[PDB]
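Student: Got a structure for you, upload32.txt, holding compact mmCIF, C-alpha atoms.
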# COMPACT_ATOMS: atom_id res chain seq x y z
CA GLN A 839 17.16 -6.73 55.48
CA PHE A 840 14.49 -4.58 53.84
CA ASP A 841 15.46 -0.92 54.28
CA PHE A 842 12.52 1.25 53.29
CA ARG A 843 14.57 4.34 52.45
CA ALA A 844 17.15 2.42 50.41
CA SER A 845 14.37 0.73 48.41
CA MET A 846 12.68 3.96 47.26
CA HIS A 847 13.30 4.79 43.60
CA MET A 848 11.71 7.57 41.56
CA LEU A 849 10.60 5.83 38.39
CA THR A 850 10.40 8.28 35.48
CA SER A 851 8.21 7.95 32.40
CA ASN A 852 6.37 10.09 29.90
CA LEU A 853 3.20 11.63 31.31
CA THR A 854 1.08 10.56 28.34
CA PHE A 855 1.20 9.68 24.66
CA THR A 856 -0.91 7.89 22.07
CA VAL A 857 0.45 4.91 20.13
CA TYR A 858 -0.63 4.21 16.54
CA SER A 859 -0.41 1.00 14.52
CA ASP A 860 -1.48 1.49 10.87
CA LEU A 861 0.27 4.61 9.60
CA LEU A 862 -1.12 4.22 6.07
CA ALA A 863 -4.63 4.47 7.52
CA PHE A 864 -3.85 8.21 7.72
CA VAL A 865 -2.98 8.37 4.00
CA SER A 866 -5.67 8.83 1.36
CA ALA A 867 -4.33 7.93 -2.07
CA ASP A 868 -5.79 8.25 -5.56
CA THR A 869 -4.69 7.42 -9.10
CA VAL A 870 -4.54 9.70 -12.12
CA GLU A 871 -6.69 8.76 -15.10
CA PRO A 872 -5.22 5.50 -16.48
CA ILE A 873 -5.19 6.96 -19.99
CA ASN A 874 -2.57 9.45 -18.76
CA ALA A 875 -0.56 7.12 -16.51
CA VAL A 876 3.11 7.31 -17.48
CA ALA A 877 6.03 4.90 -17.27
CA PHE A 878 9.62 5.43 -16.12
CA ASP A 879 10.46 7.09 -19.46
CA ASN A 880 7.81 9.81 -18.87
CA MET A 881 5.60 8.48 -21.69
CA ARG A 882 2.17 6.92 -21.30
CA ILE A 883 2.20 3.22 -20.46
CA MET A 884 -0.23 2.49 -23.31
CA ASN A 885 -0.42 4.65 -26.44
CA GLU A 886 -2.42 2.48 -28.87
CA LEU A 887 -5.35 4.11 -30.69
CA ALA B 606 -31.39 9.02 -14.43
CA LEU B 607 -32.64 8.70 -10.85
CA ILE B 608 -29.50 6.96 -9.60
CA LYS B 609 -27.31 9.52 -11.37
CA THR B 610 -29.19 12.32 -9.60
CA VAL B 611 -28.94 10.56 -6.23
CA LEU B 612 -25.21 9.89 -6.64
CA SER B 613 -24.71 13.53 -7.62
CA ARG B 614 -26.27 14.55 -4.31
CA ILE B 615 -24.32 11.90 -2.36
CA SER B 616 -21.06 13.34 -3.71
CA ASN B 617 -21.72 16.39 -1.49
CA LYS B 618 -20.51 14.62 1.66
CA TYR B 619 -18.03 12.12 0.19
CA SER B 620 -15.42 12.01 -2.55
CA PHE B 621 -15.71 8.94 -4.75
CA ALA B 622 -15.55 7.78 -8.34
CA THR B 623 -18.61 5.93 -9.63
CA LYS B 624 -17.05 2.92 -11.33
CA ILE B 625 -20.20 1.33 -12.76
CA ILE B 626 -23.97 1.78 -12.59
CA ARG B 627 -26.22 -1.12 -13.60
CA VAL B 628 -30.01 -1.05 -13.87
CA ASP B 629 -31.05 -4.71 -14.07
CA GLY B 630 -34.84 -4.83 -14.10
CA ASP B 631 -36.06 -5.08 -10.52
CA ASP B 632 -32.69 -4.05 -9.04
CA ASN B 633 -30.09 -1.33 -9.40
CA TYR B 634 -26.50 -1.39 -8.23
CA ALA B 635 -23.62 1.07 -8.43
CA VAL B 636 -20.00 0.61 -7.36
CA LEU B 637 -18.40 3.63 -5.68
CA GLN B 638 -14.62 3.88 -5.25
CA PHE B 639 -13.01 6.01 -2.53
CA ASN B 640 -9.52 7.41 -1.96
CA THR B 641 -9.35 5.57 1.40
CA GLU B 642 -10.17 2.05 2.51
CA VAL B 643 -13.86 1.66 3.29
CA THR B 644 -14.82 1.83 6.98
CA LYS B 645 -17.99 0.93 8.85
CA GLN B 646 -18.91 4.59 9.26
CA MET B 647 -18.41 5.24 5.55
CA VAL B 648 -20.76 2.38 4.64
CA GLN B 649 -23.41 3.50 7.12
CA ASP B 650 -23.16 7.14 6.01
CA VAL B 651 -23.42 6.23 2.33
CA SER B 652 -26.46 4.05 3.00
CA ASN B 653 -28.19 6.75 5.04
CA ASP B 654 -27.35 9.47 2.51
CA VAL B 655 -28.66 7.38 -0.39
CA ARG B 656 -31.89 6.66 1.49
CA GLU B 657 -32.41 10.31 2.44
CA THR B 658 -31.60 11.57 -1.06
CA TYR B 659 -34.07 9.11 -2.59
CA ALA B 660 -36.64 10.25 -0.02
CA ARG B 661 -36.03 13.84 -1.12
CA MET B 662 -37.73 12.81 -4.39
CA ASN B 663 -40.46 10.91 -2.49
CA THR B 664 -38.91 7.55 -3.44
CA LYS B 665 -38.96 4.90 -0.70
CA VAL B 666 -35.73 2.91 -1.02
CA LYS B 667 -33.99 0.36 1.17
CA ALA B 668 -30.43 1.20 0.13
CA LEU B 669 -28.20 -1.78 0.92
CA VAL B 670 -24.48 -1.00 0.93
CA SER B 671 -21.90 -3.79 1.03
CA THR B 672 -18.26 -4.29 0.09
CA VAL B 673 -18.32 -7.98 -0.89
CA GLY B 674 -21.67 -9.02 -2.37
CA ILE B 675 -25.13 -8.00 -3.53
CA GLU B 676 -28.56 -9.64 -3.63
CA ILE B 677 -30.79 -8.89 -6.62
CA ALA B 678 -33.88 -10.60 -8.00
CA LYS B 679 -32.17 -12.84 -10.55
CA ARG B 680 -28.95 -13.72 -8.67
CA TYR B 681 -26.89 -12.94 -5.60
CA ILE B 682 -23.13 -12.90 -5.03
CA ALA B 683 -21.57 -13.95 -1.73
CA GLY B 684 -17.89 -14.50 -0.99
CA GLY B 685 -16.93 -14.05 -4.63
CA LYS B 686 -19.35 -16.82 -5.62
CA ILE B 687 -22.62 -16.56 -7.55
CA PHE B 688 -25.93 -18.16 -6.56
CA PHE B 689 -29.27 -18.41 -8.35
CA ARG B 690 -32.46 -19.04 -6.42
CA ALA B 691 -33.87 -22.53 -7.06
CA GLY B 692 -37.45 -21.54 -6.31
CA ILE B 693 -39.21 -22.87 -9.41
CA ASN B 694 -42.34 -24.56 -8.10
CA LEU B 695 -43.10 -27.96 -9.62
CA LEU B 696 -46.57 -28.98 -8.41
CA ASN B 697 -47.92 -25.40 -8.40
CA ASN B 698 -48.13 -22.89 -11.24
CA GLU B 699 -48.58 -19.13 -11.34
CA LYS B 700 -51.44 -19.33 -13.84
CA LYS B 701 -53.17 -21.83 -16.09
CA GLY B 702 -51.02 -22.46 -19.14
CA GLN B 703 -52.19 -22.93 -22.71
CA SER B 704 -50.35 -26.25 -23.12
CA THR B 705 -51.17 -29.95 -22.83
CA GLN B 706 -50.48 -32.32 -19.95
CA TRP B 707 -47.73 -33.85 -22.10
CA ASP B 708 -46.01 -30.49 -22.57
CA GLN B 709 -46.60 -29.73 -18.90
CA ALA B 710 -44.79 -32.94 -17.96
CA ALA B 711 -41.94 -31.81 -20.21
CA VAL B 712 -41.95 -28.41 -18.49
CA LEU B 713 -42.04 -30.15 -15.10
CA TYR B 714 -38.89 -32.11 -15.95
CA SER B 715 -37.25 -28.95 -17.32
CA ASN B 716 -38.03 -27.06 -14.11
CA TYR B 717 -36.71 -29.98 -12.05
CA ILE B 718 -33.46 -29.90 -14.03
CA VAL B 719 -33.10 -26.14 -13.57
CA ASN B 720 -33.78 -26.45 -9.84
CA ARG B 721 -31.25 -29.26 -9.51
CA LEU B 722 -28.58 -27.20 -11.26
CA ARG B 723 -29.31 -24.34 -8.84
CA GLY B 724 -29.01 -26.55 -5.74
CA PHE B 725 -32.61 -27.66 -5.06
CA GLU B 726 -32.71 -31.39 -5.74
Take the structure in the file and give it back as C-alpha cells.

Tutor:
Amino acid sequence: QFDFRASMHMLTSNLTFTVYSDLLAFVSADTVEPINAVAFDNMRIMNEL
Amino acid sequence: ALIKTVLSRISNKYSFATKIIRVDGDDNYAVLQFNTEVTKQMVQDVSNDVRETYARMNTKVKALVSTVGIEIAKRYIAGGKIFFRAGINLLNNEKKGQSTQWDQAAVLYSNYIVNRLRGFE
C-alpha cells in the first residue's frame, strides 16, 4: 500500500554552488628571461659566451 | 617603426611579449606572447585595438589576428603547412616584354613548371 505520510522525505542539498573544470585556466604563468634560467644547482642552465 | 608604435600603444590594455616582428614587403606580421592561453575575446580585443591604434595615425588597416596561420602576398601558412599561390598567367602577360617569341616560349614553360610545383597543373 502507498501511504502518503510514510513516503514523504525531506531531501537535503546545497542551495547553490558553481562547479569548475579547468583549474589552471585561472593561473597566468610566465617565464624569467632564458639567459637567467637556473638549474637544480642554482646556476644558469647555459653559461657559454 | 609604425608597428613598434602601434604595439607600444596596444600594450596599454594587455600584457604580452613581442616575440618577432617581420616587415615583408606588402605584409607585416608580429607574434605576441601572453601569460595566459589565448581566448576568443583576447584575439578580438587585440585585433580591434590594433585597428583603432593604426587609425589614430590615420592609417587604414585590416588587422588580422590568428593563432595558427597567416596569409601574406608571397605565401600563406595553414595548419602548419606552407602554400604558395600558383597564379602565374600563361596566355596573358602584365606588359609587353622585350624578348623574342622563342624566349617567351621558354618563359611559358618555366611559368608552367612553377605553377605545377605550386599545385596548378

Student: Counting all atoms listed in the file, what are the residues of chain A within 12 Å of chain B, and for each of them which pair of atoms is the nearest and at what distance in Å, to one decimal? Sort the table by chain and rising number, as a Markdown table.

Tutor:
| residue | atom | partner | partner_atom | distance |
| --- | --- | --- | --- | --- |
| A:862 | CA | B:641 | CA | 9.6 |
| A:863 | CA | B:641 | CA | 7.8 |
| A:864 | CA | B:641 | CA | 8.8 |
| A:865 | CA | B:641 | CA | 7.4 |
| A:866 | CA | B:641 | CA | 4.9 |
| A:867 | CA | B:640 | CA | 5.2 |
| A:868 | CA | B:640 | CA | 5.3 |
| A:869 | CA | B:640 | CA | 8.6 |
| A:870 | CA | B:640 | CA | 11.5 |
| A:871 | CA | B:622 | CA | 11.2 |

Student: For residue 677 of chain B, list every protein, DNA or RNA residue within 9 Å, evaluated using all atoms listed in the file, and leave out those in the same chain fewer than 5 positions away; present the list as an MDAnalysis selection string.

Tutor: chainID B and resid 629 631:634 682

Student: Please list, as a ChimeraX atom specification, the residues that have an atom at most 7 Å away from (-0.7, 5.9, -20.8) in the coordinates of this file, counting all atoms listed in the file.

Tutor: /A:872-876,881-885

Student: What are the centre and edge lengths in Å, to one decimal, of the axis-aligned box around all listed atoms of segment 850-858 of chain A with 3 Å added on each side, as JSON?

Tutor:
{"center_x": 4.7, "center_y": 7.9, "center_z": 26.0, "size_x": 17.3, "size_y": 13.4, "size_z": 24.9}

Student: Report, in Å with one decimal, the straight-line distance from atom CA of residue 706 of chain B to atom CA of residue 719 of chain B.

Tutor: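 Those two atoms sit 19.5 Å apart.
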
Student: Between atom CA of residue 614 of chain B and atom CA of residue 660 of chain B, what is the spacing in Å?

Tutor: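 Going from atom CA of residue 660 of chain B over to atom CA of residue 614 of chain B covers 12.0 Å.
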
Student: So that I can see what lies close to residue 680 of chain B, please list as a tab-separated table (two decimals) with C-alpha atoms, keeping the file's coordinate frame the residues with an atom at most 8 Å from it, counting only C-alpha atoms and leaving out residues fewer than 3 positions away in the same chain.

Tutor:
chain	number	residue	atom	x	y	z
B	676	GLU	CA	-28.56	-9.64	-3.63
B	677	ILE	CA	-30.79	-8.89	-6.62
B	687	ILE	CA	-22.62	-16.56	-7.55
B	688	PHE	CA	-25.93	-18.16	-6.56
B	689	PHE	CA	-29.27	-18.41	-8.35
B	690	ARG	CA	-32.46	-19.04	-6.42

Student: Record the distance separating atom CA of residue 658 of chain B and atom CA of residue 645 of chain B, expressed in Å with one decimal.

Tutor: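 Rounded to one decimal, the two atoms are 19.9 Å apart.
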
Student: Which protein, DNA or RNA residues are at most 6 Å from (-31.4, 5.0, -1.4) in the file's coordinates when you count all atoms listed in the file, listed as number ranges by chain?

Tutor: B: 655-656, 659, 666-668

Student: When distances are computed from all atoms listed in the file, which of B:670, B:615, B:711, B:606 shows the smallest separation from residue 636 of chain B?

Tutor: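 Distance minimum relative to residue 636 of chain B lands on B:670.
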
Student: Can you write segment 651-697 of chain B from the block above with C-alpha atoms, as a PDB file, in the first residue's frame?

Tutor:
ATOM      1  CA  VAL B 651      43.868  42.671 -29.910  1.00  0.00           C
ATOM      2  CA  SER B 652      42.513  42.972 -33.453  1.00  0.00           C
ATOM      3  CA  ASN B 653      40.234  45.881 -32.537  1.00  0.00           C
ATOM      4  CA  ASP B 654      42.965  47.646 -30.558  1.00  0.00           C
ATOM      5  CA  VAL B 655      45.459  47.299 -33.409  1.00  0.00           C
ATOM      6  CA  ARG B 656      42.931  48.670 -35.894  1.00  0.00           C
ATOM      7  CA  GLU B 657      41.998  51.610 -33.660  1.00  0.00           C
ATOM      8  CA  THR B 658      45.627  52.427 -32.846  1.00  0.00           C
ATOM      9  CA  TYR B 659      46.532  52.414 -36.537  1.00  0.00           C
ATOM     10  CA  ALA B 660      43.520  54.650 -37.189  1.00  0.00           C
ATOM     11  CA  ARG B 661      44.826  57.045 -34.530  1.00  0.00           C
ATOM     12  CA  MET B 662      47.633  57.784 -37.016  1.00  0.00           C
ATOM     13  CA  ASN B 663      45.148  57.947 -39.934  1.00  0.00           C
ATOM     14  CA  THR B 664      46.304  54.544 -41.231  1.00  0.00           C
ATOM     15  CA  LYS B 665      43.540  52.287 -42.561  1.00  0.00           C
ATOM     16  CA  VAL B 666      44.468  48.717 -41.617  1.00  0.00           C
ATOM     17  CA  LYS B 667      42.611  45.416 -41.684  1.00  0.00           C
ATOM     18  CA  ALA B 668      44.399  43.822 -38.730  1.00  0.00           C
ATOM     19  CA  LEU B 669      44.009  40.043 -38.978  1.00  0.00           C
ATOM     20  CA  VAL B 670      44.795  38.164 -35.759  1.00  0.00           C
ATOM     21  CA  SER B 671      45.159  34.380 -35.747  1.00  0.00           C
ATOM     22  CA  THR B 672      46.818  31.718 -33.618  1.00  0.00           C
ATOM     23  CA  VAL B 673      47.656  29.139 -36.296  1.00  0.00           C
ATOM     24  CA  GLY B 674      48.377  30.754 -39.673  1.00  0.00           C
ATOM     25  CA  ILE B 675      48.819  33.920 -41.695  1.00  0.00           C
ATOM     26  CA  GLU B 676      48.152  34.980 -45.281  1.00  0.00           C
ATOM     27  CA  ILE B 677      50.628  37.366 -46.915  1.00  0.00           C
ATOM     28  CA  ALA B 678      51.281  38.295 -50.537  1.00  0.00           C
ATOM     29  CA  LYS B 679      54.072  35.801 -51.241  1.00  0.00           C
ATOM     30  CA  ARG B 680      52.872  32.809 -49.176  1.00  0.00           C
ATOM     31  CA  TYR B 681      50.325  31.661 -46.637  1.00  0.00           C
ATOM     32  CA  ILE B 682      50.556  29.150 -43.790  1.00  0.00           C
ATOM     33  CA  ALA B 683      47.624  26.945 -42.784  1.00  0.00           C
ATOM     34  CA  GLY B 684      47.657  24.025 -40.368  1.00  0.00           C
ATOM     35  CA  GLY B 685      51.424  24.155 -40.010  1.00  0.00           C
ATOM     36  CA  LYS B 686      51.802  23.814 -43.788  1.00  0.00           C
ATOM     37  CA  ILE B 687      53.017  26.397 -46.309  1.00  0.00           C
ATOM     38  CA  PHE B 688      51.313  27.266 -49.598  1.00  0.00           C
ATOM     39  CA  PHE B 689      52.362  29.495 -52.492  1.00  0.00           C
ATOM     40  CA  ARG B 690      49.782  30.899 -54.884  1.00  0.00           C
ATOM     41  CA  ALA B 691      50.017  29.319 -58.342  1.00  0.00           C
ATOM     42  CA  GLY B 692      48.563  32.322 -60.136  1.00  0.00           C
ATOM     43  CA  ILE B 693      51.186  32.859 -62.836  1.00  0.00           C
ATOM     44  CA  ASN B 694      49.206  33.511 -66.006  1.00  0.00           C
ATOM     45  CA  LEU B 695      50.433  31.668 -69.094  1.00  0.00           C
ATOM     46  CA  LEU B 696      48.496  33.058 -72.075  1.00  0.00           C
ATOM     47  CA  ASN B 697      48.302  36.603 -70.652  1.00  0.00           C
TER      48      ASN B 697
END
